[PDB]
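**Q** The structure follows.
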Amino acid sequence: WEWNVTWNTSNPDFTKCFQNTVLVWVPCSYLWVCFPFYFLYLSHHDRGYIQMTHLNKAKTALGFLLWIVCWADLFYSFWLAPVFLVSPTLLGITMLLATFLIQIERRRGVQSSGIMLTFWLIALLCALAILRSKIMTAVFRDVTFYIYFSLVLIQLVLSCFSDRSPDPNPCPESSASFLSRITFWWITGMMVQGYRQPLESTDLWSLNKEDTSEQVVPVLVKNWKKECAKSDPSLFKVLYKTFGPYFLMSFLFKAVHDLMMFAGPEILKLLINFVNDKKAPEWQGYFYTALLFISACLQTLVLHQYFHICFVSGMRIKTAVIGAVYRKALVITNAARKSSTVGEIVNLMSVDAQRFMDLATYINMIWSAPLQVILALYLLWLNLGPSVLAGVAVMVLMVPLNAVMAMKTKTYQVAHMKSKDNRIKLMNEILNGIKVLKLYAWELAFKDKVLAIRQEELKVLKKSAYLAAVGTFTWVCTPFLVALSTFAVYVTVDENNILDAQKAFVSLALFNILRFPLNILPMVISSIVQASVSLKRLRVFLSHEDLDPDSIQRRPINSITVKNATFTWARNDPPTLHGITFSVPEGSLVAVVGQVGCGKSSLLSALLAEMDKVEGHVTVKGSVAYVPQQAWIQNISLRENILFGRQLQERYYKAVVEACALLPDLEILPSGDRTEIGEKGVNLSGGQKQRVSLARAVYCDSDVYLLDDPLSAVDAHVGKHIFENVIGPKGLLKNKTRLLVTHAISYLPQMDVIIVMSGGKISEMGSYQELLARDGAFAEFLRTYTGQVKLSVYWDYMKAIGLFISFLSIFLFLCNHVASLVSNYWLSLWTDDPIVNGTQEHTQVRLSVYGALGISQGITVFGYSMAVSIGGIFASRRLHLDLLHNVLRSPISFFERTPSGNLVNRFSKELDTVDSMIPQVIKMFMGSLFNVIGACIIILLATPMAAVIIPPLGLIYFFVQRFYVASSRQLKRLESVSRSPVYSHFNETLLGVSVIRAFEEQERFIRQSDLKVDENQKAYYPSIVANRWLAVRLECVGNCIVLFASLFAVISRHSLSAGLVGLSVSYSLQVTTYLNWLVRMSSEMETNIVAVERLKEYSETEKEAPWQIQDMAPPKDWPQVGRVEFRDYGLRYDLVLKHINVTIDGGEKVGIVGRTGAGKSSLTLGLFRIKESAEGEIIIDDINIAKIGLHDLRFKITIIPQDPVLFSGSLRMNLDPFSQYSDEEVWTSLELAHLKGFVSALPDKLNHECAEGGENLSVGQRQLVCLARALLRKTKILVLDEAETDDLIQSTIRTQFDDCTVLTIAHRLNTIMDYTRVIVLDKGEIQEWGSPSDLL
Ligand SMILES: N[C@@H](CCC(=O)N[C@@H](CSSC[C@H](NC(=O)CC[C@H](N)C(=O)O)C(=O)NCC(=O)O)C(=O)NCC(=O)O)C(=O)O
């Protein structure tokens, strides 16, 4: 090895000894170090054995022949040089290891191999080098090498093909070749499929076998139970032993990528030397630029497996954490669950498990970032002098800044959240009582409150804009900041230190590399600290006490046996059932009897192993069907609620439904039994749910029934019918053991056994007649009583943000990326000045200009981040104002036609992506667009010839960008829609834990939850593979431009001054990272800009008549006497109201009677103009209603609706939201409403904080509060809508409102009889018009 023939000549030939030693030791050596390690994977991972195919044999036979040929050399050598013995034998032995390896790989089922491909590639390259040398030298030993090379080439070609393999849509990962598994080509079929036709959930491939929940949840369960047995228990230790072997391969892929990333600056330093050093062989530059393409492209292929491993491991964590929490939630004791809120347990997957997946992306960087920093600091310390310390200074000041900034954000980040949270419940209230809200004209009153809370959160967002501005400045200007400090302290520390390209552009490339680790380490630290509390919560939940599975003896088919059993609701709390004993025989009806808080429901809970048994013996025999007091309704259809995951039997189902008297309920419900009952679907009355729960229990066909007050909410006739056909000895369950908790005597004599208790103690149980004869405790008890988003949407967002702010940001950021190219061009000029006297003559002026330009870069980066977030706040406030005004200035018809969920989602999620997502995405997309365009301008300007690569790369970028957008706009949309159902189902199962554990349907629910999370993963996994595909394809576009920006800089080195080449290559090096973010953010932006369109949709719908006309406004005393006249009124809805010509005189009490389907209520809607008059001229006194603005009439007429809607806040804000009426008037009205005694009782006086809908207040109180509102209004026209306190409200409406004209729509004739001039509506027509005396 000497430089004359290898380096310094025009024919770069390797020496003969080098050829025969190192070029042969490289490949053989590769297989020898990998072979042992490869058994680990081959053994731990197995997939069967591949059959005998021609390909596998072809490879094995060539491996045999190759070994022979290599040993044939040893034979000829045996037939002087020491290398002519060891090298052929070593090659033969490693070849024998190669053929054995394909053999064992066949045995272990590996269709495509990575080691058996890279090894042949390395051998091929080594053979190619020797081949070229041997063909340039020119029989004896050469022909053996030609045979070796041809066989190696054919072996390499064979190794590319994938062997035969050992539901449809199987994940192509299982059937993909290794060469296509690094380029992620197996998803390309989806990509094109994403552009031609939209993707549904039916086309996503089935989750691969390992990631499925049944494979990753049981392993975590086993590892956690093992740790608990070890007993103190830590989840981090269990998470390690579970997800550590897979995450361990991330270290190898990360470490190689880190080392290969810093090869860029080193090869750049060599290339700057080659350009600067003349008379050097040309081929040297071609070799140097070839190493810039192989190293930075292999870096892409090795980095986009670290990311894949980290993402797959995080997704596995999210799948296993969700399943483990779900499986633990079904065995947790009640006392333990009291310590955790229901919604907080759902947070264990909604945010807690998501935090682990988010962490897993960058968790492996807490060591890579310090390693990148240390290695870079070592490299640049050699590049320049000890000035690194100065740059280190800028680094040791920048990192703490980020740190505190991150912390600060987090705190008020949470603040923002809670503010939004508050608003959202308020928003719900407006969507709840919208009808009563528009009846009294409270729209303006509540719009002000929503605007106030909006301003409250907008101040926090405004501050966080400042914190994001410094975060972006530290992301962009930190590499420059370090560069400026280092260059300044280097060039001015003395006079013998100069700045040439090899000392400037290499350091610049290192600083560009160093930017990411410094600016992402604080985020990683914040994420780890945030996950430190998520881990604590997860461990706390998973370490709760488990339910005793043997406490109740569940013997399969004296039916229920309890002796000396005392139960508790908690370990330390006193017993609730003391010393209970009773024996319920098979097929007997037993009624639990007691007062409130006696311990009746506790008995049924204890028979289900819900109570904590401190002592005793319980031997419930056979299956148990539980009808809980609080009915648990699944959001599935009513049919599946009754079925409860059981085979449908038409005769049995149709015998159960009417026996519960569910036929009228089926009739009223829209779809019948297929209607979607539950909280999300149609709401059901308490009695209806009681029947449904009972119907489900009856269908379940258990032998033991525990009916914890099934007839509480059903009426007396319905209850008696139910008992007759279901629980009665002559019902459907004649031969079923029934144990019922009741407080109604009506069915007691029919009960076989009555268990009467007092204070959780058995008290003289027995049969009804015997207990009555005994005259004891029972006698006492009885005596007790889709396409591409339009640019018009972008223009709409620009109009909302403001043209001034929109154009100022673009101009000021173009200024940022113009002062950046010129500053780097100033460095190009600086590194090309004469070096006369060993001192840069113009060091002062050039350093000052560079620093001033960079400071100009420090005012424009902070200027475009302060003009995109401020604009974001300004646009969000305008969008919220417009949406609120549109919604509040619209009639009630679309409120029925448009579901409330849509509007609440628009007010919740849509406003979140406009203020907290769009400003960040637009700062990065626009930040990366000119980063690319500006980088391509320097490359093109330095070497014009680099323009014929622009056409071929433009097509690749266009076709990759279009496919990725068209396919990933839908995949994360399919993932978002499938994420909420998992949390919803977990909430549902948490609500009904006791029912699930009683019916013993735990396995079905556990499998449903894992199927739903599997459906979520089915959309999440293609989403993370799409990013890898996009990056890999566009990295090699930014990688081949590195080759071409340096190739044209090598062929034209003569017409270059070693001042542009380093600049061009340095800028091309950062093209790769900024190009995959231009496209990722071009896809997020499209799915984020659709929020503006969905937030502006209601700006184009029919609105109500103007609230204030102000041209034909009525006088202050508009209802002078209150003379109402319906002149040929007709209300469209075909006409519910028709031919209505009636006259209600001023101060004359008038009521409206009619059956269901008449226009009684619709008549009130006529008075308040809720629905526009199809044909009618209602006039109050001498003024037409249709001409008057809505608010005016709605203020001058009052209504007391069916169910009074009390809004959250104080009672005074309920009575007078505008606070227009004085405190004395409020007090007088409240006293006149029979409420003075109660309203004076609250500690908060008039400021009593009533919850959503006035849950704390009683129904009677809420009704009297609505009456107080009407009384405080002091208007001459009042309408009443009648459905205990009836005597009070009727007397109050008859007390002082005799002066005012009162219309009354009552479903009860008793009250209407008092009112004169009763109007009767048959089908909208006036059937009778006269006083009740003329009625009879
Ligand atoms: N040197 C790194 C290179 C990392 C790399 O090349 N890939 C980056 C791309 S820049 S990822 C960096 C990015 N930061 C920003 O771009 C924000 C900058 C500033 N806040 C502003 O507003 O301007 C960020 O926060 N990202 C987090 C996210 O994805 O949400 C990555 O993390 N890829 C993630 C992926 O592909 O999924 C390494 O060691 O590998």
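Ordering of the structure tokens sets the chain letters (A, B, ...), residue numbers begin anew at 1 in every chain, and ligands are numbered from 1 in the order given.
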Fewer than 4 positions away in the same chain doesn't count, so skip those; otherwise give me all residues within 7 Å of region 267-270 of chain A, counting only C-alpha atoms, as a ChimeraX atom specification.
**A** /A:263,274,288,292,502,506,1062
**Q** Can those selected residues be exported to a file as a PDB file, in the first residue's frame so that it contains C-alpha atoms?
**A**
```
ATOM      1  CA  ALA A 263     -19.624  11.660   7.301  1.00  0.00           C
ATOM      2  CA  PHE A 274      -9.821  18.590  -3.655  1.00  0.00           C
ATOM      3  CA  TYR A 288     -15.522  11.930  -3.152  1.00  0.00           C
ATOM      4  CA  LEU A 292     -21.555  11.663  -0.536  1.00  0.00           C
ATOM      5  CA  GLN A 502     -12.641  23.872   4.868  1.00  0.00           C
ATOM      6  CA  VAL A 506     -17.682  22.258   7.161  1.00  0.00           C
ATOM      7  CA  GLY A1062     -18.662  24.028  -0.148  1.00  0.00           C
TER       8      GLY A1062
END
```
**Q** Taking only C-alpha atoms and all ligand atoms into account, which residues have an atom no farther than 9 Å from ligand 1? I'd like them as number ranges by chain.
**A** A: 254-255, 257-258, 261, 300, 303-304, 306-307, 311, 358, 361-362, 365, 368-369, 372, 468-476, 513-517, 519-520, 523, 865, 919-924, 927-928, 1024, 1027-1028, 1031, 1072-1074, 1076-1077, 1080
**Q** Quick one: everything within 12 Å of residue 791 (chain A), counting only C-alpha atoms, minus sequence neighbours fewer than 5 positions away in the same chain. Send it as a list in words.
**A**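 Once the nearby chain positions are removed, what remains is residues 796, 797, 798, 1085, 1086, 1089, 1090, 1092 and 1093 of chain A.
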**Q** Considering only C-alpha atoms, can you say which of A:309, A:1011, A:813, A:947 comes closest to residue 248 (chain A)?
**A** A:309
**Q** Just the number, please: distance in Å from CA of residue 711 (chain A) to CA of residue 1252 (chain A), one decimal.
**A**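 Straight-line distance from CA of residue 711 (chain A) to CA of residue 1252 (chain A) works out to 27.9 Å.
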**Q** For residue 353 (chain A), find every residue with an atom within 12 Å (counting only C-alpha atoms), except residues of its own chain fewer than 5 positions away, and show them as a VMD selection string.
**A** chain A and resid 314 to 325 345 to 348 358 to 360 531 533 to 535 537 to 538 983
**Q** Based on the selection just made, write N, CA, C and O atoms of those residues as a CSV table (one decimal), in the first residue's frame.
**A**
```csv
chain,number,residue,atom,x,y,z
A,314,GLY,N,-44.1,1.9,20.1
A,314,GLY,CA,-45.1,2.8,20.8
A,314,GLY,C,-46.5,2.4,20.6
A,314,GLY,O,-47.3,2.4,21.5
A,315,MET,N,-46.8,1.9,19.4
A,315,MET,CA,-48.2,1.5,19.1
A,315,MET,C,-48.5,0.2,19.8
A,315,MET,O,-49.6,0.0,20.3
A,316,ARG,N,-47.5,-0.7,20.0
A,316,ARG,CA,-47.7,-1.9,20.8
A,316,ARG,C,-47.9,-1.5,22.2
A,316,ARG,O,-48.8,-2.1,22.9
A,317,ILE,N,-47.2,-0.5,22.7
A,317,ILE,CA,-47.4,0.0,24.1
A,317,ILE,C,-48.9,0.5,24.3
A,317,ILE,O,-49.6,0.2,25.2
A,318,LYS,N,-49.3,1.3,23.3
A,318,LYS,CA,-50.7,1.8,23.4
A,318,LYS,C,-51.7,0.7,23.3
A,318,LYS,O,-52.7,0.8,24.0
A,319,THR,N,-51.5,-0.3,22.5
A,319,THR,CA,-52.4,-1.4,22.4
A,319,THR,C,-52.4,-2.2,23.7
A,319,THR,O,-53.5,-2.6,24.1
A,320,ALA,N,-51.3,-2.5,24.3
A,320,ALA,CA,-51.2,-3.3,25.5
A,320,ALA,C,-51.6,-2.5,26.8
A,320,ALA,O,-52.2,-3.1,27.7
A,321,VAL,N,-51.4,-1.2,26.8
A,321,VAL,CA,-51.8,-0.4,28.0
A,321,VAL,C,-53.3,-0.3,28.0
A,321,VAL,O,-54.0,-0.4,29.1
A,322,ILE,N,-53.9,-0.1,26.8
A,322,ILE,CA,-55.4,0.0,26.8
A,322,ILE,C,-56.0,-1.3,27.2
A,322,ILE,O,-57.0,-1.3,28.0
A,323,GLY,N,-55.5,-2.4,26.7
A,323,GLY,CA,-56.1,-3.7,27.0
A,323,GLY,C,-55.9,-4.1,28.5
A,323,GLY,O,-56.8,-4.7,29.1
A,324,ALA,N,-54.7,-3.9,29.1
A,324,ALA,CA,-54.5,-4.1,30.5
A,324,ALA,C,-55.3,-3.3,31.4
A,324,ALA,O,-55.9,-3.8,32.4
A,325,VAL,N,-55.5,-2.0,31.1
A,325,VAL,CA,-56.4,-1.2,31.9
A,325,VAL,C,-57.8,-1.7,31.8
A,325,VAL,O,-58.6,-1.7,32.7
A,345,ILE,N,-60.5,7.4,34.7
A,345,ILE,CA,-60.1,6.1,34.3
A,345,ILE,C,-60.1,6.0,32.7
A,345,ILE,O,-59.2,5.3,32.2
A,346,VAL,N,-61.0,6.8,32.1
A,346,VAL,CA,-61.0,6.8,30.6
A,346,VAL,C,-59.7,7.6,30.2
A,346,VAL,O,-59.2,7.4,29.1
A,347,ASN,N,-59.3,8.6,31.0
A,347,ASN,CA,-58.1,9.3,30.7
A,347,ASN,C,-56.9,8.4,30.7
A,347,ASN,O,-55.8,8.8,30.1
A,348,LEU,N,-57.0,7.3,31.3
A,348,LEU,CA,-55.8,6.3,31.3
A,348,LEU,C,-55.5,5.8,29.9
A,348,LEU,O,-54.5,5.2,29.7
A,358,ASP,N,-46.6,8.8,22.0
A,358,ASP,CA,-45.9,10.1,21.6
A,358,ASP,C,-44.4,10.1,22.1
A,358,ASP,O,-43.5,10.5,21.4
A,359,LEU,N,-44.2,9.6,23.3
A,359,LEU,CA,-42.8,9.6,23.8
A,359,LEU,C,-41.9,8.6,23.1
A,359,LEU,O,-40.8,9.0,22.8
A,360,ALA,N,-42.5,7.5,22.7
A,360,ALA,CA,-41.7,6.4,22.1
A,360,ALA,C,-40.9,6.9,20.8
A,360,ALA,O,-39.9,6.3,20.4
A,531,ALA,N,-44.5,12.0,31.2
A,531,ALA,CA,-44.8,10.6,31.2
A,531,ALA,C,-44.4,10.0,32.6
A,531,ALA,O,-44.9,9.0,32.9
A,533,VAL,N,-45.5,11.1,35.4
A,533,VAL,CA,-46.8,11.1,36.2
A,533,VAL,C,-47.8,10.2,35.5
A,533,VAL,O,-48.6,9.6,36.2
A,534,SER,N,-47.7,10.0,34.2
A,534,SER,CA,-48.6,9.0,33.6
A,534,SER,C,-48.3,7.6,34.0
A,534,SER,O,-49.2,6.8,34.3
A,535,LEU,N,-47.0,7.3,34.2
A,535,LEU,CA,-46.5,6.0,34.7
A,535,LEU,C,-47.0,5.8,36.1
A,535,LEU,O,-47.4,4.7,36.5
A,537,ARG,N,-49.7,7.2,37.5
A,537,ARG,CA,-51.1,6.9,37.5
A,537,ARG,C,-51.5,5.5,37.0
A,537,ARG,O,-52.3,4.8,37.5
A,538,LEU,N,-50.7,5.1,36.0
A,538,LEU,CA,-50.9,3.7,35.4
A,538,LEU,C,-50.6,2.7,36.5
A,538,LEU,O,-51.4,1.7,36.7
A,983,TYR,N,-62.7,4.8,23.5
A,983,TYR,CA,-63.0,5.4,24.8
A,983,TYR,C,-64.5,5.4,25.2
A,983,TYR,O,-64.8,5.3,26.3
```
**Q** Have a look at A:524, A:207, A:444, A:663 and name the one nearest to residue 355 (chain A); count only C-alpha atoms.
**A**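 For residue 355 (chain A), the nearest of the given residues is A:524.
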**Q** Which residue is closest to residue 165 (chain A)? Choose from A:588, A:1187, A:970, A:106 and count only C-alpha atoms.
**A**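 Going through A:588, A:1187, A:970, A:106 one by one, the smallest distance to residue 165 (chain A) is for A:106.
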**Q** One number please: CA of residue 71 (chain A) to CA of residue 87 (chain A), in Å, one decimal.
**A** 9.8 Å
**Q** Of the candidates A:490, A:185, A:146, A:626, which one gets nearest to residue 1000 (chain A) if we count only C-alpha atoms?
**A** A:626
**Q** Among region 785-957 of chain A, which residues carry a DSSP assignment of helix (DSSP H, G or I), reported as JSON, numbers by chain?
**A** {"A": [791, 792, 793, 794, 795, 796, 797, 798, 799, 800, 801, 803, 804, 805, 806, 807, 808, 809, 810, 811, 812, 813, 814, 815, 816, 817, 818, 819, 820, 821, 822, 823, 824, 825, 826, 827, 828, 829, 830, 836, 837, 838, 843, 844, 845, 846, 847, 848, 849, 850, 851, 852, 853, 854, 855, 856, 857, 858, 859, 860, 861, 862, 863, 864, 869, 870, 871, 872, 873, 874, 875, 876, 877, 878, 879, 880, 881, 882, 883, 884, 885, 886, 887, 888, 893, 894, 895, 896, 897, 900, 901, 902, 903, 904, 905, 906, 907, 908, 909, 910, 911, 912, 913, 914, 915, 918, 919, 920, 921, 922, 923, 924, 925, 926, 927, 928, 929, 930, 931, 932, 933, 934, 935, 936, 937, 938, 939, 940, 941, 942, 950, 951, 952, 953, 954, 955, 956, 957]}
**Q** Have a look at A:1129, A:874, A:1315, A:959 and name the one nearest to residue 1169 (chain A); count only C-alpha atoms.
**A**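 Nearest candidate to residue 1169 (chain A) out of A:1129, A:874, A:1315, A:959: A:1129.
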**Q** Applying 12 Å and only C-alpha atoms, which residues near residue 744 (chain A) remain after dropping the ones on its own chain fewer than 4 positions away? List them as a list in words.
**A**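 Listed by chain and then number, they are residues 591, 592, 593, 594, 595, 709, 710, 711, 712, 715, 716, 719, 720, 723, 740, 748, 749, 751, 781, 782, 784 and 785 of chain A.
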**Q** Kindly provide the residues of region 760-793 of chain A that approach region 545-565 of chain A to within 12 Å, each paired with its closest atom pair and their distance in Å to one decimal, based on only C-alpha atoms, listed by chain and increasing number, as a Markdown table.
**A**
```
| residue | atom | partner | partner_atom | distance |
| --- | --- | --- | --- | --- |
| A:760 | CA | A:565 | CA | 11.1 |
| A:761 | CA | A:565 | CA | 10.2 |
| A:762 | CA | A:564 | CA | 10.1 |
```
**Q** Counting only C-alpha atoms, which of A:960, A:417, A:990, A:662 gets nearest to residue 634 (chain A)?
**A** A:990
**Q** Per DSSP on the backbone, what are the strand (DSSP E or B) residues of region 1031-1166 of chain A, as a count of residues only?
**A** 24
**Q** When you look at residue 1044 (chain A) with a cut-off of 8 Å (counting only C-alpha atoms), what residues show up, excluding the ones that are within fewer than 3 positions of it in the same chain? I need them as a PyMOL selection string.
**A** chain A and resi 946+949+1040-1041+1047-1048
**Q** Write out as a list in words the residues lying within 12 Å of residue 1019 (chain A), counting only C-alpha atoms and excluding same-chain residues fewer than 6 positions away.
**A** residues 199, 200, 201, 202, 203, 204, 205, 206, 207, 315, 967, 968, 969, 970, 971, 972, 973, 974, 975, 976, 977, 978, 979, 1012, 1013, 1025 and 1026 of chain A
